[PDB]
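Keep in mind that the numbers below use all heavy atoms, side chains included, and drop hydrogens, waters and symmetry copies. Chain letters run A, B, ... following the sequence lines, proteins first and then strands; every chain starts at 1.
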Amino acid sequence: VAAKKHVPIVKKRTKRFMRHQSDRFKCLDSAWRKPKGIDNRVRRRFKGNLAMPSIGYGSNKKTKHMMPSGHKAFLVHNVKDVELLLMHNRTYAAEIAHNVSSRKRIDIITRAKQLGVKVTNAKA
Amino acid sequence: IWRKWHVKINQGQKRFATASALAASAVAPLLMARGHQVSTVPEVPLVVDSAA
Amino acid sequence: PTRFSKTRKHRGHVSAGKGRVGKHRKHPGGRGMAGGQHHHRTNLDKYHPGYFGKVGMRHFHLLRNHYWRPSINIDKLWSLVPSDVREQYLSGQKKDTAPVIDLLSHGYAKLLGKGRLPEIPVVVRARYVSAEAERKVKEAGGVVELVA
Amino acid sequence: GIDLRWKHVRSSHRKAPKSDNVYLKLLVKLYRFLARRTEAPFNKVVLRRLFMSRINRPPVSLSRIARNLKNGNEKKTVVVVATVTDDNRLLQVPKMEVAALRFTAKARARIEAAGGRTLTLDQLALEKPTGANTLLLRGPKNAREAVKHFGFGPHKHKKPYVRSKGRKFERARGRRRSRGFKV
Amino acid sequence: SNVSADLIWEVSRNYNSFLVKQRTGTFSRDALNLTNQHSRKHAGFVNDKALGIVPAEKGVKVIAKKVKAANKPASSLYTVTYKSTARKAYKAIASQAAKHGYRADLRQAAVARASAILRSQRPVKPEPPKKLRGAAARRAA
RNA sequence: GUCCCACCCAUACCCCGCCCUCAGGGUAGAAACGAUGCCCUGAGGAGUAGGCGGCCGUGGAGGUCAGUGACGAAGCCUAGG
RNA sequence: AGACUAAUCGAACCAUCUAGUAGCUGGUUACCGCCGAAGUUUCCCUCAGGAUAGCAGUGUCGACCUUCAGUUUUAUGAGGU
RNA sequence: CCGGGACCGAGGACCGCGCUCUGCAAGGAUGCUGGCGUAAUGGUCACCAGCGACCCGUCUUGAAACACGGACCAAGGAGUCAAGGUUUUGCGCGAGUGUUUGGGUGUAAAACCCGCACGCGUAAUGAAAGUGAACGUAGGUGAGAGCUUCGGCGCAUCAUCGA
RNA sequence: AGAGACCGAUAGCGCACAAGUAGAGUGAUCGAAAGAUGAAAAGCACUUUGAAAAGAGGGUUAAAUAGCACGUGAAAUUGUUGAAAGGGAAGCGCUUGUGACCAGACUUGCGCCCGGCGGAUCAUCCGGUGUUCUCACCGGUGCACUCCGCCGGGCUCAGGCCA
Ligand SMILES: [K+]
Ligand SMILES: [K+]
Ligand SMILES: [K+]
Ligand SMILES: [K+]
Ligand SMILES: [K+]
Ligand SMILES: [K+]
Ligand SMILES: [K+]
Ligand SMILES: [K+]
Ligand SMILES: [K+]
Ligand SMILES: [K+]
Ligand SMILES: [K+]
Ligand SMILES: [K+]
Ligand SMILES: [K+]
Ligand SMILES: [K+]
Ligand SMILES: [K+]
Ligand SMILES: [K+]
Ligand SMILES: [K+]
Ligand SMILES: [K+]
Ligand SMILES: [K+]
Ligand SMILES: [K+]
Ligand SMILES: [Mg+2]
Ligand SMILES: [Mg+2]
Ligand SMILES: [Mg+2]
Ligand SMILES: [Mg+2]
Ligand SMILES: [Mg+2]
Ligand SMILES: [Mg+2]
Ligand SMILES: [Mg+2]
Ligand SMILES: [Mg+2]
Ligand SMILES: [Mg+2]
Ligand SMILES: [Mg+2]
Ligand SMILES: [Mg+2]
Ligand SMILES: [Mg+2]
Ligand SMILES: [Mg+2]
Ligand SMILES: [Mg+2]
Ligand SMILES: [Mg+2]
Ligand SMILES: [Mg+2]
Ligand SMILES: [Mg+2]
Ligand SMILES: [Mg+2]
Ligand SMILES: [Mg+2]
Ligand SMILES: [Mg+2]
Ligand SMILES: [Mg+2]
Ligand SMILES: [Mg+2]
Ligand SMILES: [Mg+2]
Ligand SMILES: [Mg+2]
Ligand SMILES: [Mg+2]
Ligand SMILES: [Mg+2]
Ligand SMILES: [Mg+2]
Ligand SMILES: [Mg+2]
Ligand SMILES: [Mg+2]
Ligand SMILES: [Mg+2]
Ligand SMILES: [Mg+2]
Ligand SMILES: [Mg+2]
Ligand SMILES: [Mg+2]
Ligand SMILES: [Mg+2]
Ligand SMILES: [Mg+2]
Ligand SMILES: [Mg+2]
Ligand SMILES: [Mg+2]
Ligand SMILES: [Mg+2]
Ligand SMILES: [Mg+2]
C-alpha cells in the first residue's frame with residue numbers, strides 16, 4: 001500500500017567519488033582510497049580535480065535509507081520472515097534473498113499480498 | 001610451540017561464576033531467551049522423584 | 001589479541017607511525033646499557049644516582065639462615081589469641097587467669113613495641129625484646145621471659 | 001575567520017561508569033533520578049563518586065570511622081562509596097550504622113556484634129532520600145605504593161626504581177660526598 | 001531479591017535469541033511482543049504483565065500472563081478466542097488492557113494488531129495487468 | 001599628473017535549509033523507554049609528522065536463527081537497478 | 001708480469017658458523033570523525049647519530065574555588081643606545 | 001506614506017506575547033484553477049559545446065622537473081612471539097593474598113576437590129657490630145566539599161610549626 | 001599407535017605424482033617442474049570430401065557450454081560482428097543539449113444514503129467455566145425498524161506529474 005507521509009527526499013549528490021588515476025591503470029579498482037602522498041594534487045585541493053568525501057554530504061535524518069517510494073528495504077528468507085512486517089506495511093518493504101528457490105518464492109509472494117506488503121523483486 | 005595456550009583463573013572467581021549460572025537457571029524468561037522450548041514443563045526448577 | 005592493536009590502524013599509511021625523517025633504524029645509540037658514562041649520562045644522573053662505584057665491605061659465603069628473626073609489634077599481640085577466647089578477656093569475664101603466648105610457635109623471634117596495650121596481664125615468651133616493649137608489658141601487669 | 005584560541009573543547013570529568021556491572025547500572029539510574037528531582041547537594045556528590053575507578057575509591061577502615069564519630073557525631077549515619085575493611089589494632093568497636101558500597105566479611109560481623117547495623121546504598125535512599133543527618137567519609141588517596149615514585153629527581157627525596165635493596169644497589173656516586181658528590 | 005524485570009532487561013538488552021538485526025532497523029520475533037520491535041516497553045518476555053495476539057482459524061487468539069504463576073510455565077497463560085464480530089473483539093481486547101490497570105499503555109497497540117490480523121483474512125482482489133512503455137514497440141513486431 | 005560618478009566578481013561578510021562535533025536543559029506515585037531512547041536551545045568545522053575514537057571487510061572456534069540449497073549451494077561475466 | 005694455480009687470483013673452489021653487524025639507501029596493505037608540532041637549550045671521539053628540557057595527544061581528579069590576563073590607567077624604581 | 005522585481009515555506013492538536021478585539025498580517029503557506037496520467041517529469045551511458053585541469057610514489061628549505069623507481073596482468077609480500085619491568089582500565093578477596101611443584105578423582109590432555117611449605121605484602125635504618133616508631137581525644141595554625149540542634153563538626157588534599 | 005580453534009597444490013617437508021628423481025659440475029656438492037573427464041568408457045559404429053593431418057553429417061550421455069590439448073575457466077593480450085569519434089597526444093572536473101536504454105508512482109480507499117440478494121442471531125436474561133474479582137468465553141433464549149456479508153445506484157472527503 002502507499003507509504004506514510006514524509007518530507008521530500010533530497011540527495012545532495014549522485015556521482016560516486018572514484019579513485020584517483022584509476023581511469024589509467026587496470027590494476028587499480030574504482031573504489032575510493034584516500035591519497036596520502038606528499039605532493040598529491042587531489043589531497044591539496046587544487047582547482048579542477050576530483051573531490052573527496054566529507055561528513056557534510058550526509059542525508060537528512062528523516063529520509064535516510066528510504067527508497068524513492070518511501071519504504072525501507074528488509075531482507076526475507078522464508079514465510080515467517082515476511083510476517084514480521086504485519087504492523088509495518090506503510091514504512092517497510094520486503095526483498096527476497098538471491099538464493100531462495102522458485103517454489104518458496106511463490107509462497108512468500110502470496111502471503112505478502114494478503115498482508116498488503118510491497119515486494120521489490122517480485123516479477124519472475 | 002612456547003606461546004601461551006592455557007590461562008590461570010582465580011578459584012574464587014571460578015566459584016562465583018558457577019553460582020551465578022545456577023541462579024540464572026531458575027528464571028524461566030532466561031530459559032526462553034537462550035533458545036529452549038519450555039512451554040509445557042510444569043515447574044522450574046524441575047525436580048523428578050528418584051524413579052531413575 | 002591482534003585485533004586490538006594500533007598495528008591494524010596503521011595499515012594504509014606510510015611509515016607506520018615512525019616518522020619520515022627519522023626512520024626507525026636498527027640500533028641508534030648502542031645496545032643495552034651502552035654509553036652510560038658518555039652519552040647516556042644525562043639519563044643515568046637524573047634517575048639512578050649512586051649507580052657507579054663501590055661502598056662497604058664484602059662477605060664471603062653468606063648464609064641467610066644465620067640472620068632469621070622476624071618481629072611483631074605489641075600493637076598486634078592480642079590478635080594471636082583465638083577469637084572466641086579473646087573476646088572473653090576483653091569484656092572482663094576471666095579476671096582470674098592469664099594467657100601465655102609463644103611467639104616462636106607463630107613464627108616470630110623478636111617483640112617490638114609500637115602501639116598501646118590494654119590493662120590485662122599477659123605472659124610472653126620470646127628470643128629478643130625491645131626496651132620499650134618490655135616496659136609496656138610490665139606496666140600492664142605482665143612479664144616477658146627468654147626462651148632461645 | 002573567527003580568531004579563537006580554543007574550539008571543540010571536551011569535558012574533563014566522567015559522565016558514566018566504565019564498569020559493566022548490571023546492578024551498578026540500576027544504582028546509577030536511581031541516583032540520576034534523585035539528583036534531578038531534589039535540591040539536596042548530598043545527592044549530586046554520591047552520583048559522581050559512582051562513576052569513579054578503583055584508585056579513586058580507596059578503602060576505609062573501622063579505625064578511621066571511629067576517629068570521626070567523636071565530638072558530637074555519635075548518632076549520625078556514616079556514608080562511604082567504597083569498601084569498608086576491618087582493623088586488627090582496634091580492640092573495642094563502638095556502635096554505629098554505616099551505609100557502604102560493600103563490606104568485608106569480618107568488618108560486617110564486628111559492626112553487628114556491637115549492636116550496630118549495615119546498610120546498602122539503595123536502602124539508604126529509601127530511608128534518607130535527602131541525606132539528612134549524615135557524614136561523608138573518604139579514604140586516603142595518596143597512600144599508594146606507586147605514588148611514592150612520582151616526580152623523582154634531584155633533591156626530591158622520592159623512591160627509585162630498583163630491583164633489590166642492599167649496599168650494592170645505587171648507593172655510591174651521587175648519594176654521598178665520599179664518592180664524588182651527593183644528589 | 002536478586003531478580004526483577006529491570007534486571008532481566010539488563011542482561012538481554014544487547015543480545016537474545018529473539019533478535020533480528022540488520023541495517024534500517026531492529027526487530028524481534030517474540031510471541032508476547034506487539035509491533036515486533038525491540039524495546040523495554042514491548043519486550044513481553046521480560047515484563048511481568050504482557051499481551052500477545054496470533055491469528056486463529058476464524059478470528060483472533062489472545063494470551064496474557066498470570067503473575068501468580070511466573071514459575072509454572074505450563075499453566076502461566078490465560079487464553080481467549082474471539083470469533084464473533086470485529087467490533088465485539090475490539091471492545092473485549094481494550095477492556096482486557098485498560099480497565100483493571102493491566103498495561104494500559106498497550107491499549108492502542110493491542111487493538112491495532114487485532115485489526116491487522118482480521119484485515120488479512122478477507123479475499124484478495126485481482127491485480128490489473130502490467131503495461132509496457134519501451135518494450136511495447138519490441139512486442140508490436 | 002590630480003579630482004568625481006556608476007558598475008564587475010572570492011571558498012571573505014549578512015539571511016535561510018541540511019550534516020556532524022562540542023556545550024547546556026526536560027522526561028516515573030511510570031497511559032512506560034532499542035533511559036545506550038526521545039524532545040528543546042546555542043556555538044563551531046583548514047592541515048604534513050603524530051595522538052585518540054568509531055566503524056567496514058577476510059580465514060577459523062562456542063552459542064543461536066527449530067536459517068538458505070540438485071525445483072540448483074559456492075565461484076565467474078554484465079555502458080541492468 | 002703481483003704473473004699462473006679449470007672463462008675465477010694483491011690470496012682458488014665447496015658446505016657450515018649465518019637470517020654475521022650496519023649512526024647508511026629502498027619499501028612498509030580499508031574508511032570516516034576530533035585535536036595538532038619541531039628544526040631550539042645542556043652534555044657526549046658529539047658534527048648524516050643519541051640522552052635531556054621545550055613544543056603535542058590521551059586519561060583523569062579538585063572546586064564549578066572572586067579566578068585569572070603577550071592589554072590600558074594611576075603612583076613609584078632602574079638603563080647610557 | 002505609496003509602487004515594481006528576485007530567492008525561500010523549516011515546523012505539525014491546544015498552551016505564549018499582543019492588537020486596529022463577532023475577529024486578525026500576533027510562537028515558520030494557504031486558497032482557487034488548467035493540462036497530462038506516461039517515458040511527459042526523472043535516472044544511467046556515449047558524444048559534440050563553454051570554462052577549468054602538468055605523473056604518481058620518495059628524500060628535500062624547495063619536484064611537473066634536464067633528480068631516482070615504475071612496459072603490462074594474476075597470485076605471494078613486511079611492528080610478530082617469549083621472559084622481565086612500568087603506568088592506566090575492568091574484576092575477586094582484603095591485613096592478607098596466590099588450588100594446578102605435587103596428591104585425590106574423572107563421562108580422561110577438560111571439568112571438580114586438598115593443604116605442608118614457599119613467594120609478595122604487614123618496619124625501618126647503618127659499611128658493620130647492632131638498635132628499632134603515641135607528651136596530647138594520634139598535636140597546633142590557615143583554607144576546605146558535605147552535614148548541622150545554626151552554637152558548630154569538619155573528609156580528601158595543599159601550605160606551615162612541632163612530637 | 002592416537003590426536004589438533006595447524007596448511008589446502010606459488011600453501012604444507014626439497015618431494016600429495018616411476019623425488020633426493022630428471023638435469024648441471026672434473027670433483028666436494030647443487031637440485032626442480034608436474035594433483036581433478038564421467039555414476040559408468042558408454043573413449044564416437046556407419047556415410048561422404050581430402051595424398052594425409054583432418055572437416056561435414058550421424059551417434060553415446062543428465063550434460064560434449066565434459067572428447068583424453070578433458071570440473072569450474074578470471075585478467076593482461078587477440079579475431080569477427082555491432083555502435084561512435086579523430087586539423088601536431090589521450091585521459092579527467094562543473095554544467096546544458098542530442099541519441100540510445102531504463103527504475104519507480106498511478107490503476108483507487110474509507111464513510112454516508114437508497115434498493116435488491118443471502119445468512120444468521122443483534123440487545124436482554126438463565127446455567128457452566130475462566131480471570132486482571134469485574135471483565136470475558138461456551139450452552140439456552142432471541143426470530144425481523146436488530147446483527148453480519150455480497151451486488152446495483154447516488155454523494156462528500158482523501159489521493160500521481162508538471163505549471
Ligand atoms: K581501473
Ligand atoms: K577533513
Ligand atoms: K608512534
Ligand atoms: K638488619
Ligand atoms: K677514593
Ligand atoms: K573475524
Ligand atoms: K672449477
Ligand atoms: K652517521
Ligand atoms: K655613551
Ligand atoms: K531550522
Ligand atoms: K628518494
Ligand atoms: K623517473
Ligand atoms: K592491573
Ligand atoms: K603466606
Ligand atoms: K562548608
Ligand atoms: K618445491
Ligand atoms: K653429471
Ligand atoms: K538431473
Ligand atoms: K550431443
Ligand atoms: K563440464
Ligand atoms: Mg550515492
Ligand atoms: Mg610539500
Ligand atoms: Mg611529487
Ligand atoms: Mg597522517
Ligand atoms: Mg621512507
Ligand atoms: Mg628517533
Ligand atoms: Mg568559518
Ligand atoms: Mg578538521
Ligand atoms: Mg589460517
Ligand atoms: Mg547460483
Ligand atoms: Mg566490464
Ligand atoms: Mg684462469
Ligand atoms: Mg632480518
Ligand atoms: Mg646477510
Ligand atoms: Mg585546528
Ligand atoms: Mg669522551
Ligand atoms: Mg639522508
Ligand atoms: Mg577547591
Ligand atoms: Mg570547573
Ligand atoms: Mg654599552
Ligand atoms: Mg512545512
Ligand atoms: Mg487537473
Ligand atoms: Mg530525458
Ligand atoms: Mg588551463
Ligand atoms: Mg630542469
Ligand atoms: Mg638514489
Ligand atoms: Mg627505469
Ligand atoms: Mg593461494
Ligand atoms: Mg595427525
Ligand atoms: Mg601448480
Ligand atoms: Mg610444494
Ligand atoms: Mg585441472
Ligand atoms: Mg566427429
Ligand atoms: Mg553442465
Ligand atoms: Mg588450453
Ligand atoms: Mg574446461
Ligand atoms: Mg580480455
Ligand atoms: Mg575522445
Ligand atoms: Mg449465545
Side-chain angles (χ1 to χ4, degrees), chain A residues 10 12 21 23-24 26-27 33-34 37-39 47-50 53 55-60 68-69 77-78 97 99-103, chain B residues 2-3 10-13 16 35, chain C residues 7 11-12 14-17 19-21 25-26 28-29 35 38-43 46 55-57 71 112 114-116 130, chain D residues 2 7-10 12-14 18-20 29 33 41-42 45 53 56 59 68 70-73 76 83 85-86 88 104 131 133-138 140-141 146 161 167, chain E residues 13 17 26 37-41 78 80-81 85 92 95-96 98-102 104-105 107 128 133-134:
Chain A
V10 184
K12 276 174 170 177
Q21 284 183 338
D23 56 314
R24 290 175 55 196
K26 297 193 183 185
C27 60
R33 292 289 183 274
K34 179 72 170 305
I38 72 181
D39 286 326
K47 180 174 66 169
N49 286 270
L50 298 171
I55 198 59
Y57 284 98
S59 289
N60 193 315
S69 74
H77 295 253
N78 49 41
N99 55 331
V100 181
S101 62
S102 64
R103 282 188 302 165
Chain B
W2 55 72
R3 98 161 75 198
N10 295 345
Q11 196 176 30
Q13 276 175 318
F16 198 138
Chain C
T7 298
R11 285 277 191 261
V14 201
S15 326
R20 290 183 184 265
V21 179
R25 292 263 165 88
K26 296 306 291 273
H38 303 272
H39 56 112
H40 291 149
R41 172 178 288 202
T42 43
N43 190 278
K46 193 178 177 78
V55 165
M57 51 169 164
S71 57
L112 307 177
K114 182 186 175 183
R116 291 168 171 171
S130 174
Chain D
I2 186 56
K7 37 192 65 173
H8 297 113
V9 182
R10 199 184 306 120
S12 304
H13 299 258
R14 281 194 173 182
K18 207 153 278 284
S19 178
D20 281 333
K29 276 173 183 179
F33 181 73
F42 176 86
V45 169
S53 58
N56 288 320
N68 293 265
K70 299 175 178 182
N71 303 8
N73 292 350
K76 300 199 177 191
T83 302
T85 50
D86 181 25
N88 257 336
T104 74
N133 198 246
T134 56
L135 69 160
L136 262 181
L137 292 188
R138 269 191 283 202
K141 180 198 232 293
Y161 287 114
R167 66 175 185 89
Chain E
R13 189 204 309 204
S17 83
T26 303
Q37 298 275 62
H38 186 54
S39 177
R40 167 68 192 276
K41 174 178 187 174
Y78 159 64
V80 185
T81 304
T85 310
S95 302
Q96 205 174 349
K99 270 303 210 303
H100 306 165
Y102 187 104
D105 44 322
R107 206 267 315 156
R133 295 183 282 188

Just the table, please: protein N/O against nucleotides 101-111 of chain I N/O, every pair under 3.5 Å.
residue	atom	partner	partner atom	Å
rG104(I)	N7	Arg133(E)	NH2	3.4
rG104(I)	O6	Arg133(E)	NH1	3.0
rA105(I)	OP1	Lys118(A)	NZ	2.7
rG109(I)	OP1	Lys125(E)	NZ	2.4

Identity of whatever pairs with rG20(G) - Watson-Crick or G-U, under 3.5 angstrom: none

Anything under 3.5 Å between a protein N or O and an N or O of nucleotides 120-125 of chain I, put it in a table, one pair a line.
none

Partner residues of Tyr161(D) under the ring pair (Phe, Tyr, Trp, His ring centres under 6.0 Å) criterion, sequence neighbours left out: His149(D)

Any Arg138(D) side-chain nitrogen or oxygen under 4.0 Å from OP1 or OP2 of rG146(H): no

Stack flag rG23(G)/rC24(G) (5.5 Å, 30°): no

Per-nucleotide protein contact string for nucleotides 127-134 of chain H (B base, S sugar-phosphate only, - none; heavy atom under 4.0 Å): SS--BBBB

Listed pairs, N/O of protein and of nucleotides 72-76 of chain H, under 3.5 Å:
residue	atom	partner	partner atom	Å
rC73(H)	OP1	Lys26(A)	N	3.4
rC73(H)	OP1	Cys27(A)	N	3.1

5' priority, RNA chain G, between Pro53(A) and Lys141(D) [closest heavy atom]: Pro53(A)

Polar atoms only, N or O, under 3.5 Å: list the protein pairs with nucleotides 109-112 of chain H and their distances.
residue	atom	partner	partner atom	Å
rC112(H)	OP2	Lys14(B)	NZ	3.4

Stacking of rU95(I) on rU96(I), centroid gap under 5.5 Å, tilt under 30°: yes

Pair assignment for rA74(I), Watson-Crick or G-U wobble, requiring both distances under 3.5 Å: none

Euclidean distance for P, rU107(H) against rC118(H) (whole angstrom): 37 Å

Span that lies between the P atom of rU40(G) and that of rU61(H), in whole angstrom: 12 Å

Test: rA51(I) stacks on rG50(I) (six-ring centres under 5.5 Å, planes under 30°): no

Under 3.5 Å donor-acceptor, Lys12(A) side chain and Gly58(A) backbone: yes

Pucker class of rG70(G), from the sign of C1'-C2'-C3'-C4': south

Mate of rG99(I) where both pairing distances stay under 3.5 Å, Watson-Crick or G-U: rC45(H)

Between protein and nucleotides 131-136 of chain I, what N or O pairs are separated by less than 3.5 Å?
residue	atom	partner	partner atom	Å
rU131(I)	OP1	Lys66(E)	NZ	3.0
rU132(I)	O2'	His100(E)	ND1	2.7
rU132(I)	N3	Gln96(E)	O	3.1
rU132(I)	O4	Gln96(E)	O	3.3
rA136(I)	OP1	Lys91(E)	NZ	2.5

Syn-anti status, with the boundary at 90° from 0, for the nucleotide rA63(G): syn

Residues which pass ring pair (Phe, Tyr, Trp, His ring centres under 6.0 Å) with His38(E), listed by chain and number, not counting sequence neighbours: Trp9(E)

Nucleotides 43-52 of chain F: protein proximity per nucleotide (B base, S sugar-phosphate only, - neither; heavy atom, under 4.0 Å): -BBSSSSSSS

Nucleotide paired to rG121(H) in any strand shown, Watson-Crick or G-U, under 3.5 Å: none

Sequence-distant partners of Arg138(D), salt bridge (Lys or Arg N to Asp or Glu O under 4.0 Å), two or more places apart: none

Pairwise 5' ranking along RNA chain G for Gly29(C) and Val21(C), keeping only the more 5' one: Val21(C)

Pairing partner (Watson-Crick or G-U wobble, both distances under 3.5 angstrom) of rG14(I): none

Could you list, one pair per line, each protein nitrogen or oxygen that sits under 3.5 Å from a nitrogen or oxygen of nucleotides 46-54 of chain H, together with the distance?
residue	atom	partner	partner atom	Å
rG52(H)	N2	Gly48(A)	O	3.4

Separation of the P atoms in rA7(G) and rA12(G), to the nearest angstrom: 15 Å

Counterpart base for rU146(I), defined by Watson-Crick or G-U wobble contacts under 3.5 Å: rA120(I)

Any-strand Watson-Crick or G-U partner of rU61(H), both distances under 3.5 Å: none

Contacts of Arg167(D) that satisfy salt bridge (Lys or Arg N to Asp or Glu O under 4.0 Å) - sequence neighbours left out: none

Partner nucleotide of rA136(I) by Watson-Crick or wobble geometry (both distances under 3.5 Å): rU129(I)

Six-ring stack, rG106(H) vs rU107(H), 5.5 Å / 30 deg cutoffs: no

Six-ring stack, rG98(H) vs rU99(H), 5.5 Å / 30 deg cutoffs: no

Upstream residue (5' side of RNA chain I) when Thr81(E) and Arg24(A) are each assigned their closest nucleotide: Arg24(A)

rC118(H) and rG98(H) base-paired, Watson-Crick or G-U, both contacts under 3.5 Å: yes

